[PDB]
> 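Starting off with a structure, shown below.
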Amino acid sequence: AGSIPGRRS
Amino acid sequence: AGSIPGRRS
Amino acid sequence: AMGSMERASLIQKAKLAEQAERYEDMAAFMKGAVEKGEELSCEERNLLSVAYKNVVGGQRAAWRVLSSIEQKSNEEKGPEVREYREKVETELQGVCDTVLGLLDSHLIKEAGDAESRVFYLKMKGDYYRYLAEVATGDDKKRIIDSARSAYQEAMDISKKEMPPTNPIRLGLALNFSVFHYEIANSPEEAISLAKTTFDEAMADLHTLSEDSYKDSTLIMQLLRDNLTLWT
Amino acid sequence: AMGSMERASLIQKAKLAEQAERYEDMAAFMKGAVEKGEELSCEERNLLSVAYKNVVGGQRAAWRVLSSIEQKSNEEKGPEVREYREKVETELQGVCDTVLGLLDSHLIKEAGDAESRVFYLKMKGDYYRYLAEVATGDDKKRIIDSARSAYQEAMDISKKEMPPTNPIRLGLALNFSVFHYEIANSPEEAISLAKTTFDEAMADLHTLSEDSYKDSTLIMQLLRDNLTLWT
Ligand SMILES: *Cc1ccc([N+](=O)[O-])c(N2CCC(O)CC2)c1
Ligand SMILES: *Cc1ccc([N+](=O)[O-])c(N2CCC(O)CC2)c1
């Protein structure tokens, strides 16, 4: 399913 | 303001 | 760089790159297709424009972010914001010069039908306009004149050869109005052009099929959106 | 390529590139910073990870689009979809090899504190996992083993040295569970690990400040989201 996403910027 | 946008894909 | 690949394979890979949102690849494939030396079909012209619009769109967005930071800084932040803004700016200028070079060698000179010639001259105006967005001083003046001249030739052809609802004619007028408002410090000319373009298209909608009506009214809404922001 | 730029300038330009969403630039700046040979601080490690996660994320998304098209094709569509999928795949593999090479020369060997060593070993597992997503056959087996070994060493350190709510420990367990589910064909191990990680973090939340509680519960929600999809 989902791994850790990158932080937004 | 806004020019023609590119089409989406 | 694409000289060993078949024209038809470059076009197919450009379509795949669009689906994959790989717009730098898409632009390289379409540059290779143009450099085969044959004229481009309607859909191939659209692929060329979409590819470069996305590449230069990312660069313009980044340049605006960096320019805003640089303007805020002028505590001593060091040369880094300016240096990096300059790097992005040079890359953007290189993409614009590449597109302009394709148009000059030899897309425009071989374009005889109104649909192709207007499309390419509008692109020429657009890419000089993107150069003008980052230019300063006297350089800015000549770049602005080059954008204006390309748009004006496209306008003259479009008014003689295309109905007022033609989507290319409408998009040309939209972008030339943005040029007047944002680049040439002529907001009244921008508003006049957008209003007249909208009104003349409205009066021609009755001639269109359902599908053409949808295409034309979509661009008319963009003219109206700009008029709402400008008035 | 960045050897002439100051370490501090590379770090500042990486932060600017993040703001400008120029992630390829960001990754090049952070590679240059790593190659200065000094250890990375907590925030510099985050910059390195964000940069490469975005680069390889775009490649993975494109590879999935192209792989799906290729699978649909197998009318004769010619070699183009396969050729272009292979091009993207090779580029993705090159980025993963670059990241793995930075970790091996010499980030992991110099990382003695648990926070740095676990972070780098989790990255090692992640980039072998991205290699495994595109690998076939016996190559896939050794790549899978390399991902598993990196994640397992990180898990062993994290369980000895970090509280069960530590965000790096939580994200490691999340990604190792995804490895089990998506790569290693071990959905039961994935579910067990996600459940045990969630439950042990829940029991430790009472020790945390408001800000740490927010950080830990955000990742716990990701574990719960996966458990909802898997059960
Ligand atoms: C693998 C992992 C686990 C936790 C966190 N975190 O809580 O910050 C991260 N970072 C996310 C923010 C940034 O993208 C760097 C990595 C990563
Ligand atoms: C400049 C302009 C005007 C109209 C249209 N159009 O109605 O298609 C376009 N295209 C938009 C779709 C694609 O991005 C190519 C250009 C452009």
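Note on naming: letters A, B, ... go to the chains in the order of the sequence lines (proteins, then strands), and numbering restarts at 1 for each one. Side chains are part of it too, since the values below use all heavy atoms of this structure and drop only hydrogens, waters and symmetry mates.
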> Taking C:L100's backbone N and O only, do any of them form a donor-acceptor pair with C:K124's side chain (distance below 3.5 Å, no angle check)?
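No; zero donor-acceptor contacts below 3.5 Å.
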> Taking it one step at a time, do D:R22 and C:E91 satisfy salt bridge (charged side-chain N to carboxylate O under 4.0 Å, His left out)?
CA-CA 12 Å; D:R22 295 266 297 196; C:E91 192 189 288; 2.9 Å; yes
> Main chain of D:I108, side chain of D:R117: is a donor-acceptor contact present, judged purely on distance under 3.5 Å?
yes
> Please determine whether the number of non-hydrogen atoms from other residues, nucleotides or ligands lying under 6.0 Å from atom CD of D:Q152 exceeds 12.
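For D:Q152, atom CD is crowded (more than 12 foreign heavy atoms under 6.0 Å).
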> Is it true that D:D126 and D:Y151 share a donor-acceptor pair across their side chains at a distance under 3.5 Å?
yes
> To the nearest 0.5 Å, what is the distance between NZ (D:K13) and CD1 (D:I11)?
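The distance works out to 12.5 Å.
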> How long is the gap from CD on D:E21 to CD on D:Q19, to the nearest 0.5 Å?
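Result: 10.5 Å between the selected atoms.
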> Pick out which of D:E38, D:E44, D:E39 makes a salt bridge (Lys or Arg N to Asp or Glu O under 4.0 Å) with D:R7.
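Testing D:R7 for a salt bridge (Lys or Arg N to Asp or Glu O under 4.0 Å) against D:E38, D:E44, D:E39 leaves exactly one candidate, D:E44.
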> Could you tell me whether the side chain of D:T217 reaches within less than 4.5 Å of the side chain of D:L208, counting heavy atoms only?
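D:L208 does not reach D:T217 side chain to side chain.
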> With distance as the sole test, does D:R45 use its side chain to make a donor-acceptor pair with the main-chain N or O of D:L40 at under 3.5 Å?
yes
> What is the ring orientation for C:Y84 with D:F29, classed by angle as parallel under 30°, tilted 30 to 60°, or perpendicular over 60°?
perpendicular
> If you look at every heavy atom in D:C96 and D:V56, which pair is closest and at what distance?
SG-CG2, 4.0 Å
> Counting N and O atoms only, with roles assigned by atom type, does the side chain of D:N175 sit under 3.5 Å from a partner on the main chain of A:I4, one being a donor and the other an acceptor?
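Looks like yes, one N/O pair under 3.5 Å.
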